[PDB]
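J.: One structure, as C-alpha cells, below. Some questions next.
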Amino acid sequence: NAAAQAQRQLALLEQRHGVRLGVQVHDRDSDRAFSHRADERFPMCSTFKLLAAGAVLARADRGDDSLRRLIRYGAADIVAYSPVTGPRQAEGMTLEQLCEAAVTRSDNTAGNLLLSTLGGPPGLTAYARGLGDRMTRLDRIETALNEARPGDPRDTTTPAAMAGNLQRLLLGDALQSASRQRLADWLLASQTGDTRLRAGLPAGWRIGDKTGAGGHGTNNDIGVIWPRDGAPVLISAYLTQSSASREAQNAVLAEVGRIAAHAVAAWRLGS
Ligand SMILES: *C(=O)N1C[C@H](NOS(=O)(=O)O)CC[C@H]1C(N)=O
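Pasting the structure below:
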C-alpha cells in the first residue's frame, strides 16, 4: 500500500522535525493520491505568485489584459527580494516579464505589480473562488503576507486546495494551451527550489515548482512533477512551525520529494 506507506513516512518526518507539515500528492498516471493535513490552512508566502501568474494569463486568454502591456512603477514600489524589478524600475516591465520574474525568480515587487492588475488581494481571492477553490485567501501584499502567524487565516491555502489549482492551471482547462505552456515554462525554469522538492527527485525527472518562505519557520514548495516515464504528478508541500535553520527546512522538503517520487514509482511498477 504505497499511499499508506507514504503517509506514515510523512508523519514520522513531521514528528522528528517538530513541524506542522501539509502535503497533497496526486499522480495523473495511476490517478492515485496521498496526503497529510491536506485540509489544514498554511501560509502561502511566495506560492501565491503561481496563482497571480495564472490569473494574469487567464485575463490574457480572454483579452481582459495583455502580456505585452508595459507596466510603469516607481522606486517607492520596490520591496525586499526584488532582484529583477529593482534594477529595471525606470524603464518598467511588461506583464509577461513580471509574471516570469514573480514565478521563476520569486520577485516580490513583481508579485505586487501582478496583484495591482487583478484588484489586489481581493482579486486573487476571487480568482481562486472561480477555480472552485473555497479555501484560499489573499489579504495582504508583499511582504506583509509572509507573517505566517499560527491560527491566522490571512494569506493561507490548504495543500489539497492548492493541488486542485495546480491541476486546473497546468493540466486542466483553466488556461488555454499557449498560456498553460508559458506557466509550465516559468515554473520549470526556476532554481529557487533546487534544495527543496527537486533535490529529492530521481535523475531524469523534472519539477516545475514555486517555492515560498515566511515567518514562524514556514517553508513551502508546490508544483508539477514530470517523471522520466510517466504522466504529470501534482504536489503541494507546506511546512510551518520549524525551529530549525532554513537549510534544515529545505532538507525536510527534499525528503517530501523522495517520499512522493517513491510512491509514484511504486504505483507505476505495481509494487
Ligand atoms: C517567498 O515566499 N519569498 C520571496 C523570496 N524567495 O524565497 S522563495 O524562493 O522561498 O519564495 C524570499 C522569501 C520570501 C519572502 N520573504 O517574500
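Each number in the numbering used here corresponds to the 1-based position in the sequence shown with 640 added. The beta carbon of each residue, even a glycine, is placed where N, CA and C say it ideally should be.
Report the CB separation of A693 from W826 in whole angstroms; it is logged as a contact under 8 Å.
T.: Correct: roughly 7 Å between the Cβ atoms.
J.: Cα-Cα, which of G760, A730, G759, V896 is closest to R838?
T.: Checking every option, the nearest Cα to that of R838 belongs to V896.
J.: Tell me whether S675, by its Cβ, gets closer than 7 Å to a heavy atom of ligand 1.
T.: No, the beta carbon of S675 sits no closer than 7 Å to any heavy atom of ligand 1.
J.: Name the residue from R789, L754, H676 whose alpha carbon lies nearest to the alpha carbon of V663.
T.: With distances taken between Cα atoms, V663 lies closest to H676.
J.: Select from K850, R846, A888 the residue whose C-alpha is nearest the C-alpha of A741.
T.: Residue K850 is the option with its Cα nearest to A741.
J.: Does ligand 1 have even one heavy atom less than 7 Å from the beta-carbon of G760?
T.: No.
J.: Does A651 pass the burial test, meaning 16 or more other C-beta atoms within 10 Å, or should it be called exposed?
T.: It is exposed - the Cβ of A651 has fewer than 16 other Cβ atoms within 10 Å.
J.: Is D669 near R886, with beta carbons less than 8 Å apart?
T.: In this structure, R886 does not lie closer than 8 Å to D669 by Cβ.
J.: Since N752 and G854 should fall inside the 8 Å C-beta cutoff, what is the C-beta to C-beta distance between them, to a whole number of angstroms?
T.: 16 Å between Cβ atoms; not a contact.
J.: Per DSSP, which one or two residues make a beta bridge with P683?
T.: DSSP lists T796 as partners of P683.
J.: Relative to ligand 1, is the shortest distance from any of its heavy atoms to the C-beta of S686 smaller than 7 Å?
T.: The answer is yes for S686.
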